[PDB]
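In: Only the shape, not the letters, is given here:
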Ligand SMILES: CSc1ccc(O)c(C(=O)O)c1
């Protein structure tokens, strides 16, 4: 038994809910929240700017130190940093940004990062301002992640479409 509430079960290991991932993290304080990061860990918008805003910019301060030491992530890659006031840990995962010409095939590599963690609160990778088809992202998630993933879908209209179209 874990602390997640109100999720629809899609598979053995994948759960989904119409929820603001930033709001959900504040309530649940999960072990791992996933950020929709870019390779620079520049948390301007979407999930990263809202999680970063919810940390009062502490996520960005930590991320800048990480990049100064390590250089940029790979598209499809990840790093584990603090979860600040939202979670124990934040797994920053870089899905391909379709609006920058990145190979959508890297979405599977991105979701493979989730398998290093037993339970995660996550958004749909490469969805929103990263420009991918969220229906595709949910299919790759289901077909790639084997650990227990709690998906928060901010858009109520999209949530309903994801559920009603799910195979
Ligand atoms: C504030 S939560 C958030 C923001 C932007 C997004 O695209 C998503 C989402 O895609 O689930 C969620």
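Out: Yes, it's here. Numbering: from 1, shown residues only.
In: tell me the contacts of the residue of the chain found nearest the ligand?
Out: Closest approach between the chain and the ligand, counting by C-beta to the nearest ligand atom: residue 128, at 2.4 Å. Any C-beta I mention is one placed from the backbone N, CA and C, and that applies to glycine too. Under the criterion of C-beta atoms under 8 Å, 6 or more residues apart in numbering, the contact partners of residue 128 comprise 36, 46, 47, 154.
In: and if you look at residue 114?
Out: Taking C-beta under 8 Å, 6+ apart as the contact definition, residue 114 lies against 34, 91, 93, 120, 122, 141, 144, 145, 147, 149.
In: please redo it, this time with the cut-off set to 7 Å
Out: Under the criterion of C-beta atoms under 7 Å, 6 or more residues apart in numbering, the contact partners of residue 114 comprise 120, 122, 145, 147, 149.
In: Return the member of those nearest to residue 97.
Out: Within the set of the contacts of residue 114, residue 122 lies nearest residue 97; the separation is 17.1 Å, counting by C-beta to C-beta.
In: Identify the residue nearest that closest one in space, chain neighbours excluded?
Out: Leaving aside its sequence neighbours, residue 122 sits nearest to residue 34 (C-beta to C-beta, 6 or more residues apart in numbering; 3.7 Å).
In: what do you get for residue 21?
Out: Spatial nearest neighbour of residue 21, chain neighbours left out: residue 152 (3.9 Å); criterion: C-beta to C-beta, 6+ apart.
In: and if you look at residue 40?
Out: The spatial neighbour of residue 40 that comes closest, neighbours along the chain excluded (C-beta to C-beta, 6+ apart), is residue 72 at 5.6 Å.
In: Repeat that for residue 4.
Out: Taking C-beta to C-beta, 6+ apart as the measure, residue 4 lies nearest to residue 150, with 4.9 Å between them; neighbours along the chain are not counted.
In: who in this protein is up against the ligand?
Out: With C-beta under 6 Å from any ligand atom as the criterion, the chain meets the ligand at residues 20, 21, 22, 46, 47, 50, 123, 124, 127, 128, 153, 154.
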